[PDB]
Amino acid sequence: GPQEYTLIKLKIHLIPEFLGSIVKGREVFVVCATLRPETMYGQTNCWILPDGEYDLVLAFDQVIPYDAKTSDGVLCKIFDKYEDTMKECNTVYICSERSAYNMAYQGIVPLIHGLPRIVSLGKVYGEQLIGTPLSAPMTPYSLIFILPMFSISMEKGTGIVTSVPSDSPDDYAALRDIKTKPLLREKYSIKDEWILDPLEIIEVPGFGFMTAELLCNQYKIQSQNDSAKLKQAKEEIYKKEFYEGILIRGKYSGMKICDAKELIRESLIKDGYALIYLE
């Protein structure tokens, strides 16, 4: 059965020149599926697969919100032609085609009678979005950048992911690879100013405030591509932090993750910074 994600919306702060005519002064969001909305205080950057192909998809300005935990289905919405969508759709999401169809079949983006089709304004490689500044929710850094991550799967989520390197071993590893490998930075023209240090957001009694760093050392993870080791560190950190982790930032500071998580998810959804996304 489907997994419930929180779809995090990250607004593009400066549209790249080459996308200007295509987005026609609509708001553009990069969207990222996460199981851990409580960690959004720690965002340092955003991650994209360089060779991955993403769509710029037309989306609803408003989505009908629902109690997914006490309901028997979900609604979608189909139009005759593109021009009919324009009253309700002035928002663009960057995401994989795969995920855009999943979104269409739960009322996040429109379908049209084109077998029904999404409204794709164009395609882009992730490489072409590297260095794009994004306005991000909750993180006190506020403005963060898109960086390359090579371990991403285009078959999961949107193909674009948040980075919380304090409390995700994958994120820690990927960031450390960027910080320690000049040739990688040279290859993708990564500017020094795009790289932000981890933030102390979660206290784990025993481990302190950089649990992901300690777990990377405990499993001797050397790169973002040590998948076997990273898979284990990821599952341990999730269990370790869901029970023992105390938030030390934001409205629910001093609470445990298990107690605050749902409240944070609600808040994100009511403020418009995130959506419920099932795939």
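Just count from 1 along the sequence shown to find any residue number.
Compared with the other entries of this protein, residue 65 is frequently left unbuilt, missing from a third or more of those that build its neighbours. When the other compared entries with both flanking residues are checked, residue 75 is unmodelled in at least a third. Coordinates are lacking for 4 to 9 deposited residues between residue 114 and residue 115. Relative to one another, 116 to 124 and 162 to 170 have unequal mean CA B-factors, and 116 to 124 is the one with the higher figure.
Averaged over Cα atoms, the B-factor as recorded in the entry is higher for 19 to 27 than for the other of 6 to 14 and 19 to 27.
In the PDB entry, the Cα temperature factor peaks, among 74, 154, 109, 196, at 74. In this structure the maximum Cα B-factor among 42, 52, 37, 250 is found at 250.
Per the PDB record, residue ranking by Cα B-factor puts residue 66 in the highest third of the chain. Among the modelled residues of its chain, residue 60 has a C-alpha B-factor that falls in the middle third, as given in the PDB entry.
In this PDB entry, residue 246 carries a Cα temperature factor that places it within the highest third of its chain's modelled residues. Looking at the C-alpha B-factors along this chain, the one for residue 102 belongs to the middle third. Per the deposited record, the Cα B-factor of residue 85 falls in the highest third when ranked against the other modelled residues of its chain.
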